[PDB]
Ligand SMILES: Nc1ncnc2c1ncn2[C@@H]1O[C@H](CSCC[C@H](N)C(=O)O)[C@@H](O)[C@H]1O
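Single chain ahead, written as structure tokens, the form deposited without the ligand.
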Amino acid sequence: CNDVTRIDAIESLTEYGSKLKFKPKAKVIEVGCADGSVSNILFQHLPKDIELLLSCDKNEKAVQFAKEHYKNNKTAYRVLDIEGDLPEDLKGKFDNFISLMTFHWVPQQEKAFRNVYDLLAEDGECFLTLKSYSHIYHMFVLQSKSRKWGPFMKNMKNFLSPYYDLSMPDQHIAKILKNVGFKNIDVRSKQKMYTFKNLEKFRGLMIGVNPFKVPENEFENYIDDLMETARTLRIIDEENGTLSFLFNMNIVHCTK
């Protein structure tokens, strides 16, 4: 999680929270960064009556830290790989699935959504947010097209949102939900803008999210060239040291 996903979570739960149906003593599963931040925000928006909030992560370590560190009455952590195979004891057991700003990382969209379907009890409600196009993704695309860095950046496809360069990603997503068997499918796209006051904070976030391995000597030249893509896109305000970037995102709301 980072400050962008925190603000996005608050805006999406603010906008939609009152339209999310929770049955009495709902069992709720969350897939995000097991890290507390976004899960703590989501918790504040859930009914005080909910049976359980199972908060799941792919990283065994992150889950193990969560069990030993984070402490709330209604919250359990479990290792779950939304792209993988569902363990049998989670199948059909949840009234609400929630994933805020995670699914743009999942290249196997249909597999992940069929697992959302299979985790849900009957009349189970699905609420997901994900990126499509973004200026951050676009920075990385510009970098990938350099004579110097292109060689180390051949698997761009799985780093980018599956919806990065599609027309009507909302209709692509609606089609998969339809095929997997959801009803009352609502997919809304949003243009969002976010402004950093701190270019050094922004620089750390790129370092964090960057998956492309380069020699640890050439690493700092790699990052500097990546920051220069933001200047190429003219999204840096040098006079005030701010970066204003656009991202599109998709809010999925549907029922089993």
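Each form is matched to the other, and the largest set of C-alpha atoms that superpose within 1.5 Å is called the rigid core. Residues that one form lacks are left out of the comparison. Residue indices: 1-based, along the sequence shown.
Same protein, other form: the form deposited with the ligand bound, not shown, and the subject of what follows.
Residue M101 is the only one of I173, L119, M101, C126 with a heavy atom lying within 4.5 Å of the ligand in the deposited bound form. Between the options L160, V106, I185, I136, the residue in contact with the ligand in the deposited bound form by a heavy atom within 4.5 angstroms is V106.
Per the 4.5 Å heavy atom criterion, the ligand in the deposited bound form is contacted by stretch 29 to 37, the sole one of 47 to 55, 29 to 37, 211 to 219, 196 to 204. The ligand in the deposited bound form is not approached by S189, whose heavy atoms all lie more than 4.5 angstroms from it. Using a 4.5 angstroms threshold between heavy atoms, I82 counts as touching the ligand in the deposited bound form. Using a 4.5 Å cutoff between non-hydrogen atoms, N59 counts as a contact of the ligand in the deposited bound form. Heavy atoms of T5 reach within 4.5 Å of the ligand in the deposited bound form, making it an interface residue. When both forms sit on the same rigid core, the CA shifts between the shown form and the other one reach 2 angstroms or more only at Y70 out of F219, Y70, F212, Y194. 64 to 71 is the sole run of three or more consecutive shared residues whose C-alphas all shift by 2 Å or more between the shown form and the other one after the rigid core is superposed.
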